[PDB]
Every structure is written in C-alpha cells, then in structure tokens.
$ cat final-v1.csv   # CSV, C-alpha atoms and all ligand atoms
chain,number,residue,atom,x,y,z
W,6,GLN,CA,-6.6,-3.6,-4.5
W,7,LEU,CA,-3.1,-4.0,-2.8
W,8,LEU,CA,-2.8,-7.7,-1.7
W,9,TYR,CA,1.0,-7.9,-1.0
W,10,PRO,CA,2.8,-5.0,0.5
W,11,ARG,CA,6.0,-3.7,-1.3
W,12,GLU,CA,8.3,-4.4,1.7
W,13,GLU,CA,7.1,-8.1,1.9
W,14,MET,CA,7.5,-8.5,-1.9
W,15,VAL,CA,11.1,-7.0,-1.9
W,16,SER,CA,12.0,-9.4,1.0
W,17,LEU,CA,10.4,-12.4,-0.9
W,18,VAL,CA,12.3,-11.6,-4.2
W,19,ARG,CA,15.7,-10.9,-2.4
W,20,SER,CA,15.3,-14.4,-0.7
W,21,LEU,CA,15.3,-16.1,-4.2
W,22,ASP,CA,19.0,-15.0,-4.7
W,23,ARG,CA,20.9,-17.7,-2.9
W,24,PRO,CA,24.5,-19.0,-2.9
W,25,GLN,CA,23.6,-22.5,-4.3
W,26,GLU,CA,23.0,-20.7,-7.8
W,27,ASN,CA,26.5,-19.0,-7.6
W,28,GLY,CA,25.0,-15.7,-9.0
W,29,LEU,CA,23.3,-17.4,-12.1
W,30,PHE,CA,20.2,-15.1,-11.9
W,31,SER,CA,21.5,-12.3,-9.6
W,32,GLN,CA,21.9,-9.7,-12.4
W,33,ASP,CA,21.0,-8.7,-16.0
W,34,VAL,CA,22.9,-11.0,-18.6
W,35,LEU,CA,24.0,-8.0,-20.8
W,36,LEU,CA,25.1,-5.8,-17.8
W,37,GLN,CA,27.5,-8.7,-16.7
W,38,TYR,CA,28.5,-9.8,-20.3
W,39,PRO,CA,28.3,-6.9,-22.8
W,40,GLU,CA,29.8,-9.0,-25.6
W,41,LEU,CA,26.3,-10.8,-25.7
W,42,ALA,CA,24.3,-7.7,-26.8
W,43,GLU,CA,23.4,-9.2,-30.2
W,44,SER,CA,23.7,-13.0,-29.5
W,45,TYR,CA,21.6,-13.1,-26.3
W,46,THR,CA,18.8,-10.6,-27.5
W,47,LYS,CA,18.4,-12.5,-30.8
W,48,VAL,CA,17.5,-15.7,-28.8
W,49,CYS,CA,15.9,-13.9,-25.7
W,50,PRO,CA,14.2,-10.7,-26.9
W,51,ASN,CA,12.6,-10.4,-23.4
W,52,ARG,CA,14.9,-10.8,-20.3
W,53,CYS,CA,14.9,-10.5,-16.5
W,54,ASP,CA,17.0,-11.1,-13.4
W,55,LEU,CA,16.5,-11.1,-9.6
W,56,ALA,CA,18.0,-7.5,-9.2
W,57,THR,CA,15.5,-6.2,-11.7
W,58,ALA,CA,12.7,-8.2,-10.0
W,59,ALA,CA,13.7,-6.7,-6.6
W,60,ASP,CA,13.5,-3.1,-8.2
W,61,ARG,CA,10.1,-4.1,-9.7
W,62,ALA,CA,9.0,-5.4,-6.2
W,63,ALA,CA,10.1,-2.2,-4.5
W,64,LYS,CA,8.0,-0.2,-7.0
W,65,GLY,CA,4.9,-2.3,-6.2
W,66,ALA,CA,4.7,-4.1,-9.6
W,67,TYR,CA,3.9,-7.5,-8.0
W,68,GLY,CA,1.4,-6.5,-5.2
W,69,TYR,CA,-1.9,-6.9,-7.2
W,70,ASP,CA,-2.0,-10.6,-8.4
W,71,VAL,CA,-3.6,-13.1,-5.8
W,72,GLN,CA,-1.3,-15.9,-7.3
W,73,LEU,CA,1.7,-13.4,-7.8
W,74,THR,CA,1.4,-14.2,-11.6
W,75,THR,CA,3.4,-11.2,-12.7
W,76,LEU,CA,6.4,-12.3,-10.4
W,77,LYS,CA,6.0,-15.9,-11.4
W,78,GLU,CA,6.2,-14.8,-15.1
W,79,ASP,CA,9.4,-12.9,-14.4
W,80,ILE,CA,10.9,-16.1,-12.7
W,81,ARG,CA,9.7,-18.3,-15.7
W,82,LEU,CA,11.3,-15.8,-18.1
W,83,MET,CA,14.7,-16.0,-16.3
W,84,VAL,CA,14.6,-19.8,-16.2
W,85,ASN,CA,13.2,-20.3,-19.8
W,86,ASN,CA,15.8,-17.9,-21.3
W,87,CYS,CA,18.7,-19.7,-19.4
W,88,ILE,CA,17.4,-23.1,-20.8
W,89,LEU,CA,16.9,-21.8,-24.4
W,90,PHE,CA,20.2,-19.9,-24.6
W,91,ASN,CA,22.5,-22.5,-22.9
W,92,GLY,CA,20.6,-25.6,-24.4
W,93,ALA,CA,17.9,-27.7,-22.7
W,94,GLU,CA,20.3,-30.8,-22.0
W,95,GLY,CA,23.2,-28.8,-20.4
W,96,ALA,CA,24.3,-27.9,-16.8
W,97,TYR,CA,23.0,-24.2,-17.0
W,98,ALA,CA,19.5,-25.7,-17.8
W,99,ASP,CA,19.8,-28.2,-14.8
W,100,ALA,CA,20.7,-25.1,-12.5
W,101,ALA,CA,17.7,-23.2,-14.0
W,102,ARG,CA,15.2,-26.1,-13.3
W,103,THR,CA,16.6,-26.5,-9.7
W,104,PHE,CA,16.3,-22.7,-9.2
W,105,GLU,CA,12.7,-22.7,-10.6
W,106,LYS,CA,11.4,-25.4,-8.2
W,107,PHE,CA,13.0,-23.6,-5.2
W,108,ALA,CA,11.7,-20.1,-6.3
W,109,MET,CA,8.2,-21.4,-6.9
W,110,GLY,CA,8.2,-23.2,-3.5
W,111,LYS,CA,9.4,-20.0,-1.7
W,112,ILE,CA,6.7,-17.8,-3.5
W,113,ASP,CA,3.9,-20.3,-2.6
W,114,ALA,CA,5.1,-20.5,1.1
W,115,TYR,CA,4.8,-16.7,1.3
W,116,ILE,CA,1.2,-16.8,-0.2
W,117,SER,CA,0.2,-19.5,2.4
W,118,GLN,CA,1.7,-17.4,5.2
W,119,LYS,CA,-0.4,-14.3,4.1
W,120,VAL,CA,-3.7,-16.3,4.2
W,121,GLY,CA,-2.9,-18.1,7.5
M,201,LIG,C1,26.7,-25.9,-12.6
M,201,LIG,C2,26.0,-25.4,-13.8
M,201,LIG,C3,25.8,-23.9,-13.8
M,201,LIG,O1,27.1,-23.3,-14.1
M,201,LIG,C4,27.5,-22.1,-13.5
M,201,LIG,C5,28.8,-21.8,-13.8
M,201,LIG,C6,29.3,-20.6,-13.4
M,201,LIG,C7,28.6,-19.7,-12.7
M,201,LIG,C8,29.1,-18.4,-12.3
M,201,LIG,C9,29.4,-17.5,-13.5
M,201,LIG,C10,28.2,-17.1,-14.2
M,201,LIG,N1,27.9,-17.7,-15.4
M,201,LIG,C11,26.7,-17.0,-15.7
M,201,LIG,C12,25.9,-17.2,-16.9
M,201,LIG,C13,24.7,-16.4,-17.0
M,201,LIG,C14,23.9,-16.5,-18.2
M,201,LIG,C15,24.2,-16.5,-19.6
M,201,LIG,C16,25.5,-16.2,-20.2
M,201,LIG,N2,23.2,-16.8,-20.3
M,201,LIG,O2,22.1,-17.1,-19.4
M,201,LIG,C17,22.6,-16.9,-18.2
M,201,LIG,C18,21.6,-17.0,-17.1
M,201,LIG,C19,24.4,-15.4,-16.0
M,201,LIG,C20,25.2,-15.3,-14.9
M,201,LIG,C21,26.3,-16.1,-14.8
M,201,LIG,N3,27.3,-16.2,-13.8
M,201,LIG,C22,27.3,-15.4,-12.6
M,201,LIG,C23,28.3,-14.2,-12.7
M,201,LIG,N4,28.5,-13.5,-11.5
M,201,LIG,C24,29.5,-14.2,-10.6
M,201,LIG,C25,29.7,-13.5,-9.3
M,201,LIG,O3,30.0,-12.1,-9.6
M,201,LIG,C26,29.1,-11.4,-10.4
M,201,LIG,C27,28.9,-12.1,-11.7
M,201,LIG,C28,27.3,-20.1,-12.3
M,201,LIG,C29,26.7,-21.3,-12.6

$ encode --input "final-v1.csv" --output "structure tokens"
Amino acid sequence: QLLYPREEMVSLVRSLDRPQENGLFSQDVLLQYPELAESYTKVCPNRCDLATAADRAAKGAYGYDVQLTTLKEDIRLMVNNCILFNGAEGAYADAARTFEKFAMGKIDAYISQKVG
C-alpha cells in the first residue's frame, strides 16, 4: 500500500539539501570528481547522493515503508561513505554526522506530521 505520496517524498528529500553542508551531499561523487572512479568505488562500492534520492523519491521508491527505511538507508549510505572515505576523525566526517542528525530529524518530523 502507498503510505507516502511521491510529491511529499520529493519535497522531504529536496529539503535535506541545505546551504550549511556547502553541497557536500548534493550530487554523485564520481559525477563531480571523475578522477575518483577507481579510488572511491574501491572504498565505497555502493553510493548515493541527494539528487539521486530526489529522483528515487519522484519515482515512488520511498513511499511504501512506514518508517521510511529505504530513504533512511540511502541517507546512512551517503553519511557512512563520507566518513569511511575521508576518515572517521576528520572534518568531512564531522560534517557528515551533523548532516545525519539533521536529515533524520527532518524525516521523523514528516512521519509525525502524516500521523497527526
Ligand atoms: C568543513 C568540513 C567539510 O568540508 C567541506 C569542504 C568543502 C566543501 C565544498 C566542496 C566539496 N567537497 C566535496 C567532497 C565530496 C566527497 C568526496 C570527495 N568524498 O565523499 C564526499 C561526500 C562531495 C562533495 C563535495 N563538495 C561540494 C562540491 N560542490 C560545490 C558546489 O558546486 C557543485 C560542487 C564542502 C564541505
């Protein structure tokens, strides 16, 4: 059954792309940095970005999980790749962890709104 309409899901995912992250998760790593084709995919054989997630949202990929698990998995993959590739103690990892707490807050606020 369809729980979350495509147009709400597109709006939710677009809302996660904010200026505070200075484009860190806006787009596919390889599209932006083609020199990383072999280096990135060796460390991160599975990847995602907020433009890809918005495309997935628009195609209804996220509408069928009560807890939006499929979307949350695409956010965790972005965040976990950023931390693994740049190193867990560095500034890119800090930026990832701050992004993740915000993104998860925003996703949970939307689920609350849909029940109330
Ligand atoms: C303060 C700690 C974080 O440091 C930052 C320092 C700089 C930036 C902006 C530049 C920048 N460095 C990026 C790194 C990745 C990347 C890599 C490599 N491995 O994992 C990830 C994730 C992705 C996007 C990035 N972008 C954005 C590029 N858009 C800029 C605007 O026009 C389109 C391209 C962002 C954050």

$ residues_near_ligand --input "final-v1.csv" --ligand "ligand LIG 201 (chain M)" --cutoff "9 Å" --atoms "all atoms listed in the file" --output "MDAnalysis selection string"
chainID W and resid 25:35 37:38 41 45 54 83:84 86:91 95:101

$ closest_residue --input "final-v1.csv" --among "W:65, W:17, W:12, W:53" --to "residue 110 of chain W" --atoms "only C-alpha atoms"
W:17

$ closest_residue --input "final-v1.csv" --among "W:56, W:71, W:21, W:48" --to "residue 109 of chain W" --atoms "all atoms listed in the file"
W:21

$ residues_around --input "final-v1.csv" --residues "residue 22 of chain W" --least-positions-apart "2" --cutoff "7 Å" --atoms "all atoms listed in the file" --output "VMD selection string"
chain W and resid 19 to 20 31 55

$ closest_residue --input "final-v1.csv" --among "W:119, W:44, W:105, W:15" --to "residue 64 of chain W" --atoms "only C-alpha atoms"
W:15

$ closest_residue --input "final-v1.csv" --among "W:114, W:7, W:93, W:42" --to "residue 69 of chain W" --atoms "all atoms listed in the file"
W:7

$ closest_residue --input "final-v1.csv" --among "W:59, W:24, W:68, W:77" --to "residue 10 of chain W" --atoms "all atoms listed in the file"
W:68

$ build_atoms --input "final-v1.csv" --residues "segment 54-69 of chain W" --atoms "N, CA, C and O atoms" --output "CSV table (one decimal), in the coordinates of the input"
chain,number,residue,atom,x,y,z
W,54,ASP,N,16.0,-10.6,-14.4
W,54,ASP,CA,17.0,-11.1,-13.4
W,54,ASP,C,16.5,-10.7,-12.1
W,54,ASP,O,15.5,-9.9,-12.0
W,55,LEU,N,17.0,-11.3,-11.0
W,55,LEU,CA,16.5,-11.1,-9.6
W,55,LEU,C,16.8,-9.6,-9.1
W,55,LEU,O,16.0,-9.2,-8.3
W,56,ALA,N,17.8,-8.9,-9.6
W,56,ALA,CA,18.0,-7.5,-9.2
W,56,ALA,C,16.9,-6.6,-9.8
W,56,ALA,O,16.4,-5.8,-9.1
W,57,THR,N,16.6,-6.8,-11.0
W,57,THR,CA,15.5,-6.2,-11.7
W,57,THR,C,14.1,-6.5,-11.0
W,57,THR,O,13.3,-5.5,-10.8
W,58,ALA,N,13.9,-7.7,-10.7
W,58,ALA,CA,12.7,-8.2,-10.0
W,58,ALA,C,12.6,-7.5,-8.6
W,58,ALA,O,11.5,-7.0,-8.3
W,59,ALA,N,13.7,-7.3,-7.9
W,59,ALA,CA,13.7,-6.7,-6.6
W,59,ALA,C,13.3,-5.2,-6.8
W,59,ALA,O,12.6,-4.7,-5.9
W,60,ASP,N,13.8,-4.5,-7.8
W,60,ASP,CA,13.5,-3.1,-8.2
W,60,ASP,C,12.0,-3.1,-8.5
W,60,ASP,O,11.3,-2.1,-8.0
W,61,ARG,N,11.5,-4.0,-9.3
W,61,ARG,CA,10.1,-4.1,-9.7
W,61,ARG,C,9.2,-4.3,-8.4
W,61,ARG,O,8.2,-3.6,-8.2
W,62,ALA,N,9.7,-5.2,-7.5
W,62,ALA,CA,9.0,-5.4,-6.2
W,62,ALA,C,8.9,-4.1,-5.4
W,62,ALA,O,7.8,-3.8,-5.0
W,63,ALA,N,10.0,-3.4,-5.3
W,63,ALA,CA,10.1,-2.2,-4.5
W,63,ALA,C,9.2,-1.1,-5.0
W,63,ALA,O,8.8,-0.2,-4.3
W,64,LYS,N,9.0,-1.1,-6.4
W,64,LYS,CA,8.0,-0.2,-7.0
W,64,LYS,C,6.6,-0.7,-7.0
W,64,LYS,O,5.8,0.0,-7.6
W,65,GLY,N,6.3,-1.8,-6.4
W,65,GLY,CA,4.9,-2.3,-6.2
W,65,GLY,C,4.4,-3.0,-7.4
W,65,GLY,O,3.1,-3.1,-7.5
W,66,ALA,N,5.2,-3.5,-8.4
W,66,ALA,CA,4.7,-4.1,-9.6
W,66,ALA,C,4.0,-5.4,-9.4
W,66,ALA,O,3.3,-5.9,-10.2
W,67,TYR,N,4.3,-6.1,-8.2
W,67,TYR,CA,3.9,-7.5,-8.0
W,67,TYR,C,2.8,-7.6,-7.0
W,67,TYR,O,2.3,-8.8,-6.8
W,68,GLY,N,2.3,-6.5,-6.4
W,68,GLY,CA,1.4,-6.5,-5.2
W,68,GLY,C,0.0,-6.8,-5.5
W,68,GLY,O,-0.8,-7.0,-4.5
W,69,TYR,N,-0.5,-6.9,-6.8
W,69,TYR,CA,-1.9,-6.9,-7.2
W,69,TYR,C,-2.4,-8.2,-7.7
W,69,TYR,O,-3.6,-8.3,-8.0
